[PDB]
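This report concerns only the one structure given below.
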Amino acid sequence: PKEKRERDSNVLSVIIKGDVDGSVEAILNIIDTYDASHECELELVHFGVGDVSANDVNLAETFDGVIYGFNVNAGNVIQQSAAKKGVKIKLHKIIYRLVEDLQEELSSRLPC
Amino acid sequence: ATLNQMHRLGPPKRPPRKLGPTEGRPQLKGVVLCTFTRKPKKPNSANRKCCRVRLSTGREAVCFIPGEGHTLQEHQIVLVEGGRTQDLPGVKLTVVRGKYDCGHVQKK
Amino acid sequence: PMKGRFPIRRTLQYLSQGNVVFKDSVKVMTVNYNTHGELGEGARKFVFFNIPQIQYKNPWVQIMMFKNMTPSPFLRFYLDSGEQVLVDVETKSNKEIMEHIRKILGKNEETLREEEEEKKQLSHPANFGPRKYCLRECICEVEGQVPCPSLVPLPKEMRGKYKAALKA
Amino acid sequence: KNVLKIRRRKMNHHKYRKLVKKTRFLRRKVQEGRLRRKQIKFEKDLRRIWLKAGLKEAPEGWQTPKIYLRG
RNA sequence: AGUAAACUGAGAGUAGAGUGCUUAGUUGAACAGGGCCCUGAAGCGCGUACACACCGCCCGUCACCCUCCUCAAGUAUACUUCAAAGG
RNA sequence: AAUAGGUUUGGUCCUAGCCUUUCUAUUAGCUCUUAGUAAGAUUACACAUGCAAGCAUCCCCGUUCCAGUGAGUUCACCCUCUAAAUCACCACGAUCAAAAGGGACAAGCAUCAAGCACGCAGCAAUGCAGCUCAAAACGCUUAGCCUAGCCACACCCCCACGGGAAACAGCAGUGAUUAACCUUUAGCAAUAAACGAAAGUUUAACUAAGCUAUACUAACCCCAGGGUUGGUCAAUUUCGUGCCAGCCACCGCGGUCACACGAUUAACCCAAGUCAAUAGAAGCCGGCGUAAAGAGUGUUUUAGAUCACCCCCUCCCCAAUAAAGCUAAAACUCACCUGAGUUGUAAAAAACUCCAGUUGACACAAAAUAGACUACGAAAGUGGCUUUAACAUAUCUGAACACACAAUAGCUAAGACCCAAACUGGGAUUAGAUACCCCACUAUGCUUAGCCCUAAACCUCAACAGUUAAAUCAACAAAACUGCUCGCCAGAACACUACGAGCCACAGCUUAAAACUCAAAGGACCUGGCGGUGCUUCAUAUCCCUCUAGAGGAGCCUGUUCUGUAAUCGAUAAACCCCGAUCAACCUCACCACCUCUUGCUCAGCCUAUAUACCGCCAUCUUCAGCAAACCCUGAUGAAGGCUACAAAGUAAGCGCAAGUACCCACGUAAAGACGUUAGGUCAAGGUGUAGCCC
Ligand code: FES
Ligand SMILES: [K+]
Ligand SMILES: [K+]
Ligand SMILES: [K+]
Ligand SMILES: [K+]
Ligand SMILES: [K+]
Ligand SMILES: [K+]
Ligand SMILES: [K+]
Ligand SMILES: [K+]
Ligand SMILES: [K+]
Ligand SMILES: [K+]
Ligand SMILES: [K+]
Ligand SMILES: [K+]
Ligand SMILES: [K+]
Ligand SMILES: [K+]
Ligand SMILES: [K+]
Ligand SMILES: [Mg+2]
Ligand SMILES: [Mg+2]
Ligand SMILES: [Mg+2]
Ligand SMILES: [Mg+2]
Ligand SMILES: [Mg+2]
Ligand SMILES: [Mg+2]
Ligand SMILES: [Mg+2]
Ligand SMILES: [Mg+2]
Ligand SMILES: [Mg+2]
Ligand SMILES: [Mg+2]
Ligand SMILES: [Mg+2]
Ligand SMILES: [Mg+2]
Ligand SMILES: [Mg+2]
Ligand SMILES: [Mg+2]
Ligand SMILES: [Mg+2]
Ligand SMILES: [Mg+2]
Ligand SMILES: [Mg+2]
Ligand SMILES: [Mg+2]
Ligand SMILES: [Mg+2]
Ligand SMILES: [Mg+2]
Ligand SMILES: [Mg+2]
Ligand SMILES: [Mg+2]
Ligand SMILES: [Mg+2]
Ligand SMILES: [Mg+2]
Ligand SMILES: [Mg+2]
Ligand SMILES: [Mg+2]
Ligand SMILES: [Mg+2]
Ligand SMILES: [Mg+2]
Ligand SMILES: [Mg+2]
Ligand SMILES: [Mg+2]
Ligand SMILES: [Mg+2]
Ligand SMILES: [Mg+2]
Ligand SMILES: [Mg+2]
Ligand SMILES: [Mg+2]
Ligand SMILES: [Mg+2]
Ligand SMILES: [Mg+2]
Ligand SMILES: [Mg+2]
Ligand SMILES: [Mg+2]
Ligand SMILES: [Mg+2]
Ligand SMILES: [Mg+2]
Ligand SMILES: [Mg+2]
Ligand SMILES: [Mg+2]
Ligand SMILES: [Mg+2]
Ligand SMILES: [Mg+2]
Ligand SMILES: [Mg+2]
Ligand SMILES: [Mg+2]
Ligand SMILES: [Mg+2]
Ligand SMILES: [Mg+2]
Ligand SMILES: [Mg+2]
Ligand SMILES: [Mg+2]
Ligand SMILES: [Mg+2]
Ligand SMILES: [Mg+2]
């Protein structure tokens, strides 16, 4: 079997970046309440505190993940790099908004 | 060659040395993509634990994991050094045990 | 082994054995010699053995050679004033040509000794600096003077770490 | 001497000649495209000359010839 | 060559058990001359990519897998150059 | 690369790459006591905050310096001329140093070979058409440099009016980023700088401190760790694991007795370090018949050489080349007369019978003998006859930047056509036969005119001059070298490839890399084996043709394999198969089921594993005659080899053969039959090493 195997469509890889460490732990505890792994799997590639960085874009491009920013900013250089690499930066400011958007991406992965 | 030819050719020009898998660097940071085993070339037989990792430069490469037993997984961070695996054709990188997410081998 | 006949000619030791150092007037030396003929033998050996030494001691003097252009070999020197010195070399050995041109256009042993001494004034022994330029780098190398702290720690009283501590 | 080095070259040349025969129609389409770009690259080289000299058009009566066509 | 062929007896071993084995004897042949074609031996060579040795070695086509490279339609992006000029 | 070492093979020699040992730096792992000193972001990415230039009776002066960085990159050095500045003021000069002029000045790529105005003259007008370049122009890429220091840059647009935009490459600090990560200390006391007439003032320059094993020096009553221990290369005990887990710089290790893995013990090296990765340091005077390499051929320029001069012995002639003409032998075709067959080969078929044989007529094809000659030509090539024209150079080397040539095959056009002949068709063969064999026939070979530009174009041995002197000389081949020049070569493979460029070439040619991969490839040998290998002589129940009786078919007897059974084992090509067994109804017995015993017939036992640990006893070549100690000699003292009797380097104890002995001879048959080969048979004759079992 091919040493490198194809990630299935129903797999959401997410990068979580937050303004403060306590905010990140809150989002990570919400990602630990995921119970629908059968229909779709949620993978946490990397989590950290601070603005979106090139490593986050490189990690998202490596695993075809989605960067979720919580009360953080992404500069034009980082945003332009994401366009070339196809990464989706999803900056939010409210935790119920960032979870609703997280559920919308999971729904898309689900089978029709 | 004649003295006239040696003068005309000049001093011998060394080729620029070939950068190995680390691109002339002692170590590189990498992210583990997948783990697997690769069989050694004849006459050796074994299941040598290897992994594919994207380096900080953006080049995916196969890296050998030394020691008895490892727990590397996808998305993890590892530091890779040079040193080819003699019996694994094409394996020119080695994971450093005890750095980042790759821990030291557990004794016995 | 070194390629060619008389490879000694291609050594720094041989090239430094030239005794002909031209006066500043000498700007160009043309050598007209013949490849064959018993009377042009010294000029051929002069070109073969000594032209390399002359050029080595006189790097800024143009030396140009001309083969079989005239019936006899001769040297001609062009001076900065515009004067030309014709030296007939037919029948003369290579050693006689070198001794001839040394007498009429070479610096004497006295003029060379002086130049060497003026060069010694450039490296004064009492000066301190890098080994490339000076004998000693620091006065600490002189016996009797306070040595470098890298080798002999200075007394606590001569160190600012403790001068301020007591004062403060 | 043995002919083992000759034999290595023999097989390489055999396989190469056979490959070319198998792909002679693709290679012909590729070669044509390269000659077109080669002609365009040549025309650009000449246009650079008159444009860098201050002229706005090619010298009067000048037509850049096709120097790469089989004709 | 007292060979083959045919015939007869005995022994070993068993409590008994062989169309087997070991062994003694009787009768008693045919061919043995050509050949180097076939398969080998010896002598003297030749060749050799074989050397646990021809049951040796070995080339190419046709998968999976892994590594690198090239060509390439259309398209996009980035970089480079301009004034080193003219009115 | 050195005082070198390891690694190609069955072995030797040569060549060759790779690696080892030495010395630094960075980074990682693990570990770390003190003092002194030195050094100290990965990044020209973005920067919070604080500070870093003031001085001074107002003017000026300074903030154009110091400090920083290494993006770009021959503005750095020498000469000429000559501003600004210092010597209060002119110095009628020195010192220092711009601009300008001249010269010099990095690396890689020539697959960057042409640049495209790059020159000159003239007072001007204007005229001429030149200028640089294979001795590397132009171009692309890389990099701060020649370190008392210098150059360049100062957020970007080379510049900085203007614009983008709001600037730490000043100190401290921070985000991002990288394998890489110093304190948001103090003082102007010293030195340096700025300012002042000066006392003085200011200065993140600098000084004295802070942090950090990166280095050096020194020390310590207590306090040592890292790596290594198969060879290279200093140094391992007991266990575990069993080609697994793992290790490895190189060669390699591990598949049930691991000095190589893991643990443990001990030892070795270095030591507050250790040494895993990475990087640098250490590489042109060697070669080119066969290892990479004399570019298919000859001829220049600028140059280089001393082989030029004197001074010379084979000029000339044999198969150079071009053109025109010519034909002896053999074919083809046709005609007459005969024949019924011809052709084909190990043997056939198919094919042809307008076929075959005799005779005559008879070519745009090809050139027996000579040639045992060795000539001509630059090479490629050139060997039938005649004629014509005709075979460069009164020094040598020399063009892959040019010119002219270049077997065969091939392309285009027009002709010839005997024979041969890719392809193709048929016949045969074969498991198949897209081959080898047979037949037919085309492209093509020929002429003319253009192309194409390739050969194992190799005598794989460059041109010219010279030597046989020696230190002859790795091996082989075709002895070893000297001078000089040009060409070419630098592990294997990728690769007579890709890309670029050129070309009447278009499935082409020439030039010609890289990435990934390997630790070899390679050249020449030694010995043996093997050969559908040569010659010679043979086989003596024997290789063939022969001779006699059998087996293979039938039934039975017996062994084996398969199948079957709850129900052994071993042998199992020659060299198993009425074999271990000169022997199984119980027993034998080792198997199967059930039941029973546990210090047991034994100071226990085991027919448990391993014949690939062995002794013992044997098979096999052997229906052989060779093995081997100790010496000697040869090969330049390599693996290896060692015979000539009119003898030339072999001498050889011992073992086997032989000789003897047994049986009825001196014959025959037995017996004997070495060293080795098949890890051949046998742990189930017995014994026994190692591992396993002990209710
Ligand atoms: S060098 Fe002289 S005091 Fe340090
Ligand atoms: K092995
Ligand atoms: K070597
Ligand atoms: K002032
Ligand atoms: K730089
Ligand atoms: K700039
Ligand atoms: K001060
Ligand atoms: K070792
Ligand atoms: K060739
Ligand atoms: K003839
Ligand atoms: K040849
Ligand atoms: K042999
Ligand atoms: K039978
Ligand atoms: K045995
Ligand atoms: K036994
Ligand atoms: K045993
Ligand atoms: Mg290693
Ligand atoms: Mg041969
Ligand atoms: Mg090949
Ligand atoms: Mg075979
Ligand atoms: Mg070899
Ligand atoms: Mg400075
Ligand atoms: Mg840089
Ligand atoms: Mg002045
Ligand atoms: Mg200047
Ligand atoms: Mg190219
Ligand atoms: Mg740079
Ligand atoms: Mg900046
Ligand atoms: Mg600027
Ligand atoms: Mg700073
Ligand atoms: Mg930081
Ligand atoms: Mg550091
Ligand atoms: Mg003052
Ligand atoms: Mg201060
Ligand atoms: Mg300090
Ligand atoms: Mg360390
Ligand atoms: Mg063990
Ligand atoms: Mg071990
Ligand atoms: Mg060769
Ligand atoms: Mg030649
Ligand atoms: Mg027939
Ligand atoms: Mg010539
Ligand atoms: Mg040539
Ligand atoms: Mg030709
Ligand atoms: Mg032709
Ligand atoms: Mg025919
Ligand atoms: Mg056929
Ligand atoms: Mg024809
Ligand atoms: Mg003809
Ligand atoms: Mg030839
Ligand atoms: Mg050649
Ligand atoms: Mg030549
Ligand atoms: Mg070819
Ligand atoms: Mg080609
Ligand atoms: Mg091409
Ligand atoms: Mg028989
Ligand atoms: Mg039967
Ligand atoms: Mg049986
Ligand atoms: Mg068996
Ligand atoms: Mg057996
Ligand atoms: Mg019983
Ligand atoms: Mg029984
Ligand atoms: Mg038993
Ligand atoms: Mg055995
Ligand atoms: Mg006898
Ligand atoms: Mg016998
Ligand atoms: Mg005997
Ligand atoms: Mg066996």
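Simple scheme: letters A, B, ... for chains in structure tokens order, numbers from 1 for residues in each chain, numbers from 1 for ligands in the order shown.
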Skipping near chain neighbours, those fewer than 6 positions away, what residues fall within 12 Å of residue 96 (chain C) using only C-alpha atoms (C1' of nucleotides), listed as a short mmCIF file (atom, residue, chain, number, x, y, z; two decimals) with C-alpha atoms, in the first residue's frame?
data_model
loop_
_atom_site.label_atom_id
_atom_site.label_comp_id
_atom_site.auth_asym_id
_atom_site.auth_seq_id
_atom_site.Cartn_x
_atom_site.Cartn_y
_atom_site.Cartn_z
CA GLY C 42 74.99 34.01 -25.93
CA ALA C 43 71.88 35.98 -26.86
CA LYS C 45 71.12 31.67 -23.60
CA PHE C 46 70.49 35.20 -22.34
CA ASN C 50 68.31 35.59 -17.74
CA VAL C 87 74.10 47.10 -26.96
CA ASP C 88 75.73 44.79 -29.49
CA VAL C 89 75.79 41.27 -28.05
CA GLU C 90 77.12 39.18 -30.94
CA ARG C 102 74.40 45.83 -15.12
CA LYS C 103 77.33 48.23 -15.49
#
Q: May I have the residues within 12 Å of ligand 14, computed using only C-alpha atoms (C1' of nucleotides) and all ligand atoms, as a PyMOL selection string?
A: chain F and resi 611-619+679-683
Q: For chain C, report every residue with an atom at most 8 Å from chain F (counting only C-alpha atoms (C1' of nucleotides)), formatted as a list in words.
A: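 Every residue meeting the condition is included here: residues 1, 2, 3, 35, 36, 37, 129, 130, 133, 149, 150, 151, 152, 153, 154, 160 and 161 of chain C.
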**Q.** All residues 9 Å or closer to region 35-43 of chain B, only C-alpha atoms (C1' of nucleotides), same chain fewer than 4 positions away omitted, as a ChimeraX atom specification
**A.** /A:3-4 /B:47-52,72-74,86-89 /F:243
(Q) Which residues are close to region 57-65 of chain D, i.e. within 8 Å by only C-alpha atoms (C1' of nucleotides), leaving aside same-chain residues fewer than 5 positions away? Reply as a list in words. (A)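 So the residues in contact are residues 43, 47, 50 and 51 of chain D.
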**Q.** Residue contacts of residue 108 (chain B) (10 Å, only C-alpha atoms (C1' of nucleotides)) excluding same-chain residues fewer than 4 positions away, as a ChimeraX atom specification
**A.** /B:68 /F:262-263
Might you pull out every residue within 8 Å of residue 90 (chain A), with only C-alpha atoms (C1' of nucleotides) counted and same-chain residues fewer than 3 positions away left off, and present them as an mmCIF file with N, CA and C atoms, in the first residue's frame?
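Now in around-v6.cif:
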data_model
loop_
_atom_site.group_PDB
_atom_site.id
_atom_site.type_symbol
_atom_site.label_atom_id
_atom_site.label_comp_id
_atom_site.auth_asym_id
_atom_site.auth_seq_id
_atom_site.Cartn_x
_atom_site.Cartn_y
_atom_site.Cartn_z
ATOM 1 N N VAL A 66 -7.879 24.448 8.075
ATOM 2 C CA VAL A 66 -8.508 25.763 8.119
ATOM 3 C C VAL A 66 -8.046 26.463 9.387
ATOM 4 N N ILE A 67 -7.543 27.682 9.237
ATOM 5 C CA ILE A 67 -7.084 28.478 10.369
ATOM 6 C C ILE A 67 -8.263 29.254 10.936
ATOM 7 N N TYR A 68 -8.506 29.091 12.233
ATOM 8 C CA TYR A 68 -9.534 29.836 12.948
ATOM 9 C C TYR A 68 -8.857 30.783 13.927
ATOM 10 N N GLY A 69 -9.002 32.082 13.689
ATOM 11 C CA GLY A 69 -8.472 33.099 14.581
ATOM 12 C C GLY A 69 -9.554 33.590 15.526
#
Would you list the contacts of residue 61 (chain A) as an mmCIF file with N, CA and C atoms, in the first residue's frame, taking every protein, DNA or RNA residue within 12 Å and counting only C-alpha atoms (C1' of nucleotides), but skipping same-chain residues closer than 2 positions in sequence?
data_model
loop_
_atom_site.group_PDB
_atom_site.id
_atom_site.type_symbol
_atom_site.label_atom_id
_atom_site.label_comp_id
_atom_site.auth_asym_id
_atom_site.auth_seq_id
_atom_site.Cartn_x
_atom_site.Cartn_y
_atom_site.Cartn_z
ATOM 1 N N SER A 13 -9.299 19.486 9.306
ATOM 2 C CA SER A 13 -8.113 19.877 10.054
ATOM 3 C C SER A 13 -8.193 21.369 10.347
ATOM 4 N N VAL A 14 -8.007 21.739 11.611
ATOM 5 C CA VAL A 14 -8.201 23.111 12.061
ATOM 6 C C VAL A 14 -6.957 23.582 12.802
ATOM 7 N N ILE A 15 -6.555 24.824 12.541
ATOM 8 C CA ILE A 15 -5.514 25.511 13.298
ATOM 9 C C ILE A 15 -6.201 26.577 14.141
ATOM 10 N N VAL A 45 -4.471 20.310 14.143
ATOM 11 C CA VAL A 45 -3.090 20.301 13.674
ATOM 12 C C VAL A 45 -2.190 21.044 14.652
ATOM 13 N N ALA A 54 3.171 32.661 9.328
ATOM 14 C CA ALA A 54 3.478 31.847 8.157
ATOM 15 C C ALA A 54 3.465 30.362 8.493
ATOM 16 N N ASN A 55 3.941 29.997 9.685
ATOM 17 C CA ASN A 55 3.930 28.592 10.077
ATOM 18 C C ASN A 55 2.510 28.049 10.138
ATOM 19 N N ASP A 56 1.562 28.862 10.609
ATOM 20 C CA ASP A 56 0.167 28.436 10.615
ATOM 21 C C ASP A 56 -0.351 28.234 9.198
ATOM 22 N N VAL A 57 0.046 29.105 8.268
ATOM 23 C CA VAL A 57 -0.358 28.933 6.877
ATOM 24 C C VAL A 57 0.330 27.718 6.270
ATOM 25 N N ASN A 58 1.603 27.504 6.611
ATOM 26 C CA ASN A 58 2.319 26.344 6.093
ATOM 27 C C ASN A 58 1.761 25.051 6.670
ATOM 28 N N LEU A 59 1.409 25.053 7.958
ATOM 29 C CA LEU A 59 0.805 23.868 8.558
ATOM 30 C C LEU A 59 -0.583 23.608 7.989
ATOM 31 N N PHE A 63 -1.589 20.100 5.711
ATOM 32 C CA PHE A 63 -2.659 19.179 6.071
ATOM 33 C C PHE A 63 -4.012 19.609 5.515
ATOM 34 N N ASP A 64 -4.036 20.567 4.592
ATOM 35 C CA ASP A 64 -5.280 21.080 4.023
ATOM 36 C C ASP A 64 -6.256 21.483 5.124
ATOM 37 N N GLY A 65 -5.746 22.235 6.098
ATOM 38 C CA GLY A 65 -6.529 22.645 7.241
ATOM 39 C C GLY A 65 -7.062 24.063 7.100
ATOM 40 N N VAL A 66 -7.879 24.448 8.075
ATOM 41 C CA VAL A 66 -8.508 25.763 8.119
ATOM 42 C C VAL A 66 -8.046 26.463 9.387
ATOM 43 N N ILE A 67 -7.543 27.682 9.237
ATOM 44 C CA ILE A 67 -7.084 28.478 10.369
ATOM 45 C C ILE A 67 -8.263 29.254 10.936
ATOM 46 N N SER A 81 -0.500 35.267 1.197
ATOM 47 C CA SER A 81 0.139 33.957 1.142
ATOM 48 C C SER A 81 -0.893 32.840 1.228
ATOM 49 N N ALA A 82 -1.945 33.040 2.025
ATOM 50 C CA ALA A 82 -2.978 32.018 2.149
ATOM 51 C C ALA A 82 -3.729 31.839 0.836
ATOM 52 N N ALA A 83 -3.949 32.933 0.102
ATOM 53 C CA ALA A 83 -4.601 32.832 -1.198
ATOM 54 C C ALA A 83 -3.787 31.970 -2.155
ATOM 55 N N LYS A 84 -2.470 32.179 -2.198
ATOM 56 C CA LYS A 84 -1.629 31.389 -3.090
ATOM 57 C C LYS A 84 -1.609 29.924 -2.674
ATOM 58 N N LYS A 85 -1.615 29.661 -1.370
ATOM 59 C CA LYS A 85 -1.562 28.302 -0.853
ATOM 60 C C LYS A 85 -2.938 27.676 -0.679
ATOM 61 N N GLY A 86 -4.010 28.434 -0.897
ATOM 62 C CA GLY A 86 -5.349 27.898 -0.790
ATOM 63 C C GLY A 86 -5.862 27.740 0.620
ATOM 64 N N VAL A 87 -5.183 28.313 1.608
ATOM 65 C CA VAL A 87 -5.607 28.198 2.997
ATOM 66 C C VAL A 87 -6.711 29.210 3.274
ATOM 67 N N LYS A 88 -7.615 28.850 4.182
ATOM 68 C CA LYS A 88 -8.749 29.691 4.556
ATOM 69 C C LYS A 88 -8.563 30.170 5.991
ATOM 70 N N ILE A 89 -8.256 31.452 6.151
ATOM 71 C CA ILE A 89 -8.178 32.078 7.467
ATOM 72 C C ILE A 89 -9.563 32.598 7.824
ATOM 73 N N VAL B 31 7.504 18.448 10.241
ATOM 74 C CA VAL B 31 6.185 18.062 10.720
ATOM 75 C C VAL B 31 5.879 16.675 10.180
ATOM 76 N N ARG B 54 7.365 16.949 6.299
ATOM 77 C CA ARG B 54 7.644 18.161 5.547
ATOM 78 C C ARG B 54 8.587 19.040 6.357
ATOM 79 N N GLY B 58 9.977 23.251 3.136
ATOM 80 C CA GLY B 58 8.887 22.893 2.256
ATOM 81 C C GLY B 58 9.172 21.714 1.361
#
Q. Hey, what does DSSP flag as helix (DSSP H, G or I) within chain D? Can you give it to me as an MDAnalysis selection string?
A. chainID D and resid 4:22 24:52
Q | Nearby polymer residues, ligand 18, at most 10 Å, only C-alpha atoms (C1' of nucleotides) and all ligand atoms, as a list in words | A |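 Within the 10 Å cut-off, the matching residues are residues 1, 2 and 3 of chain D; 47 and 48 of chain E.
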Q) Got a sec to check which residues lie within 10 Å of ligand 37, using only C-alpha atoms (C1' of nucleotides) and all ligand atoms, and send them as a PyMOL selection string? A) chain F and resi 239-242+256-258
Could you please take those selected residues and save N, CA and C atoms (P, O5', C5', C4', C3', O3' and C1' of nucleotides) as a PDB file, in the first residue's frame?
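The new file result20.pdb reads:
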ATOM      1  P     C F 239      25.849 -17.215  31.400  1.00  0.00           P
ATOM      2  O5'   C F 239      24.605 -16.227  31.478  1.00  0.00           O
ATOM      3  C5'   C F 239      23.541 -16.313  30.542  1.00  0.00           C
ATOM      4  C4'   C F 239      22.532 -15.216  30.761  1.00  0.00           C
ATOM      5  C3'   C F 239      21.427 -15.107  29.723  1.00  0.00           C
ATOM      6  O3'   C F 239      20.380 -16.036  29.930  1.00  0.00           O
ATOM      7  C1'   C F 239      22.329 -12.966  30.130  1.00  0.00           C
ATOM      8  P     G F 240      19.629 -16.697  28.674  1.00  0.00           P
ATOM      9  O5'   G F 240      18.783 -15.495  28.060  1.00  0.00           O
ATOM     10  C5'   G F 240      17.834 -14.798  28.853  1.00  0.00           C
ATOM     11  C4'   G F 240      17.322 -13.563  28.155  1.00  0.00           C
ATOM     12  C3'   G F 240      16.838 -13.750  26.725  1.00  0.00           C
ATOM     13  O3'   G F 240      15.527 -14.279  26.648  1.00  0.00           O
ATOM     14  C1'   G F 240      18.228 -11.845  26.845  1.00  0.00           C
ATOM     15  P     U F 241      15.119 -15.256  25.438  1.00  0.00           P
ATOM     16  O5'   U F 241      15.185 -14.322  24.151  1.00  0.00           O
ATOM     17  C5'   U F 241      14.326 -13.200  24.021  1.00  0.00           C
ATOM     18  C4'   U F 241      14.689 -12.360  22.823  1.00  0.00           C
ATOM     19  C3'   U F 241      14.740 -13.088  21.489  1.00  0.00           C
ATOM     20  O3'   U F 241      13.458 -13.235  20.903  1.00  0.00           O
ATOM     21  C1'   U F 241      16.664 -11.721  21.733  1.00  0.00           C
ATOM     22  P     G F 242      13.172 -14.415  19.856  1.00  0.00           P
ATOM     23  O5'   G F 242      14.250 -14.183  18.710  1.00  0.00           O
ATOM     24  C5'   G F 242      13.855 -13.960  17.360  1.00  0.00           C
ATOM     25  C4'   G F 242      14.995 -14.218  16.411  1.00  0.00           C
ATOM     26  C3'   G F 242      14.920 -15.542  15.658  1.00  0.00           C
ATOM     27  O3'   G F 242      15.493 -15.396  14.361  1.00  0.00           O
ATOM     28  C1'   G F 242      16.863 -15.513  17.004  1.00  0.00           C
ATOM     29  P     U F 256      18.878 -19.939  13.842  1.00  0.00           P
ATOM     30  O5'   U F 256      19.341 -20.195  15.346  1.00  0.00           O
ATOM     31  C5'   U F 256      20.526 -19.592  15.858  1.00  0.00           C
ATOM     32  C4'   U F 256      20.869 -20.115  17.231  1.00  0.00           C
ATOM     33  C3'   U F 256      20.819 -21.635  17.374  1.00  0.00           C
ATOM     34  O3'   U F 256      21.807 -22.068  18.309  1.00  0.00           O
ATOM     35  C1'   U F 256      19.284 -20.659  18.869  1.00  0.00           C
ATOM     36  P     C F 257      23.341 -22.234  17.862  1.00  0.00           P
ATOM     37  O5'   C F 257      24.141 -21.434  18.980  1.00  0.00           O
ATOM     38  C5'   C F 257      23.474 -20.969  20.148  1.00  0.00           C
ATOM     39  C4'   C F 257      24.408 -20.219  21.062  1.00  0.00           C
ATOM     40  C3'   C F 257      25.447 -19.351  20.357  1.00  0.00           C
ATOM     41  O3'   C F 257      25.666 -18.156  21.104  1.00  0.00           O
ATOM     42  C1'   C F 257      26.540 -20.959  21.705  1.00  0.00           C
ATOM     43  P     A F 258      24.722 -16.878  20.864  1.00  0.00           P
ATOM     44  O5'   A F 258      25.727 -15.744  20.378  1.00  0.00           O
ATOM     45  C5'   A F 258      26.591 -15.961  19.270  1.00  0.00           C
ATOM     46  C4'   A F 258      27.201 -14.672  18.781  1.00  0.00           C
ATOM     47  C3'   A F 258      27.816 -13.793  19.867  1.00  0.00           C
ATOM     48  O3'   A F 258      28.947 -13.102  19.341  1.00  0.00           O
ATOM     49  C1'   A F 258      26.083 -12.609  18.788  1.00  0.00           C
TER      50        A F 258
END
Q: List all protein, DNA and RNA residues that have an atom no more than 12 Å from any atom of ligand 13, counting only C-alpha atoms (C1' of nucleotides) and all ligand atoms, and report them as a count of residues only.
A: 9
Q: Between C1' of residue 467 (chain F) and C1' of residue 480 (chain F), measure the distance and give it in Å to one decimal.
A: 10.3 Å
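All residues, whether protein, DNA or RNA, that have an atom at most 10 Å from ligand 50 (counting only C-alpha atoms (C1' of nucleotides) and all ligand atoms) are residues 296, 379, 380, 381, 407, 455, 456, 457, 458 and 459 of chain F.
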Show me a table, sorted first by chain and then by increasing residue number, of the residues of chain F having an atom at most 10 Å from chain D, each with its shortest atom pair and the distance in Å to one decimal, counting only C-alpha atoms (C1' of nucleotides) and written as a Markdown table.
| residue | atom | partner | partner_atom | distance |
| --- | --- | --- | --- | --- |
| F:116 | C1' | D:49 | CA | 7.6 |
| F:117 | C1' | D:53 | CA | 9.5 |
| F:290 | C1' | D:1 | CA | 6.9 |
| F:495 | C1' | D:12 | CA | 8.9 |
| F:496 | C1' | D:13 | CA | 7.3 |
| F:497 | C1' | D:16 | CA | 8.5 |
| F:504 | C1' | D:70 | CA | 9.2 |
| F:506 | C1' | D:28 | CA | 7.9 |
| F:507 | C1' | D:21 | CA | 5.2 |
| F:522 | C1' | D:5 | CA | 9.9 |
| F:523 | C1' | D:1 | CA | 8.5 |
| F:524 | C1' | D:1 | CA | 9.4 |
Q) Can you tell me which residues sit at most 12 Å away from ligand 66, counting only C-alpha atoms (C1' of nucleotides) and all ligand atoms, written as an NGL selection string? A) :F and (622-623 or 669-673)
For the interface of chain B with chain F (cut-off 7 Å, counting only C-alpha atoms (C1' of nucleotides)), please tabulate each contacting residue of chain B alongside its nearest pair of atoms and their separation in Å to one decimal, rows sorted by chain and increasing number, as a tab-separated table.
residue	atom	partner	partner_atom	distance
B:11	CA	F:284	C1'	5.8
B:12	CA	F:284	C1'	5.6
B:24	CA	F:278	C1'	6.2
B:25	CA	F:278	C1'	5.2
B:26	CA	F:278	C1'	3.8
B:27	CA	F:179	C1'	4.5
B:28	CA	F:179	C1'	5.4
B:44	CA	F:243	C1'	6.6
B:45	CA	F:243	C1'	5.4
B:68	CA	F:246	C1'	6.7
B:81	CA	F:277	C1'	5.4
B:82	CA	F:277	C1'	5.5
B:108	CA	F:263	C1'	6.6
